[PDB]
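What follows is one chain in structure tokens, specifically the form deposited in one PDB entry.
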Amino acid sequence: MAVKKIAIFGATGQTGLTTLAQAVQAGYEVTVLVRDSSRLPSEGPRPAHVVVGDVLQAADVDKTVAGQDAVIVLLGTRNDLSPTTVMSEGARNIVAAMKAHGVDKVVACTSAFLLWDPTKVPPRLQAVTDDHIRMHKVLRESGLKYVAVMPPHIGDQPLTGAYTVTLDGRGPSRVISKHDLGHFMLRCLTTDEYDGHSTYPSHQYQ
């Protein structure tokens, strides 16, 4: 495997769990950063390496990025919609670690709202969207090989591998399953064609 060692940030989350399971099945040697109170579930897939800590500590992010081939970022705030900088500050630490350790490839999830007319973004989701905007600027300005993944609504539909990938604009559907989103994050490790683009994965489940 050319890319074989990967860090996943947010592996315990909705998309992270199925991304982790798919990566382990595909032969990746996965390192995760998990907060001490929220470890991976007991008998799901086991990653190769676990760092317990916080993306808001540069030291913990450095430990997680060291020695990787690539980084996948699925940070988020679960059902909490309050103002936050955890995604943007976490990305700042991830950028600094990747530069210090010679890692170039980062595939990172923000949101399709970065491609919406700003006056149409739902106000209830605007605090989170603000930090996605901050996070995207951090990653775009870093000079790293950054794939900006900007999904629409994340659902519980199957893994299909059959989704549309729209470059630098909104796509033709308004959902992507969490499993297909994770599949796409991993696909981005095997190609350079999305580097420096925004990507909107979406599908019609039928």
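Residues that one form lacks are left out of the comparison. If you superpose the two forms and keep the largest set of C-alpha atoms that fall within 1.5 Å, you have the rigid core. Don't overthink the numbering: it's just position in the shown sequence, from 1.
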**Study point:** Average Cα temperature factor in the PDB entry - higher stretch of 114-122, 85-93
**Key:** 114-122
Study note, to complete from the structure: The stretch whose C-alpha atoms carry the larger average B-factor in the entry, 50-58 or 33-41, is 33-41
Study note, to complete from the structure: Of the residues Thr12, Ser198, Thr191, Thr19, the one whose Cα carries the largest B-factor in the deposited record is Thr191
Practice item. Could you tell me which third, lowest, middle or highest, the C-alpha B-factor of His132 occupies within its chain? Key: lowest
Point to revise | Ranked C-alpha temperature factor of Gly155 among modelled chain residues, by third | key: highest
Point to revise | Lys145, C-alpha B-factor rank within chain (lowest, middle or highest third) | key: middle
**Study point:** Third of the chain, ranked by Cα B-factor, where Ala108 sits
**Key:** lowest
Check your understanding: Is the Cα B-factor recorded for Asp180 in the lowest, middle or highest third of its chain?
Key -> lowest
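Not on display, but discussed next: the form deposited in another entry.
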Check your understanding: Any CA movement of 2 Å or more for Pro83 between the shown form and the other one, core superposed?
Key -> yes
Check your understanding: Does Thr164 count as moved between the shown form and the other one, where moved means a C-alpha shift of 2 angstroms or more after fitting the rigid core?
Key -> no
Review point. When you overlay the rigid core, is the Cα of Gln57 off by 2 Å or more between the shown form and the other one?
Key: no
Exercise for review: Compare the CA separation of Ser37 and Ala23 in the other entry with the one in the displayed structure, and answer closer or farther (the difference is at least 3 Å).
Suggested key: closer
Point to revise | Cα distance between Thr31 and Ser37, which in the other entry differs by 3 Å or more from this form, closer or farther | key: closer
**Study point:** Shared-residue segments moving between the shown form and the other one, Cα shift 2 Å or more over 3+ consecutive positions, core-fitted
**Key:** 36-39, 78-83
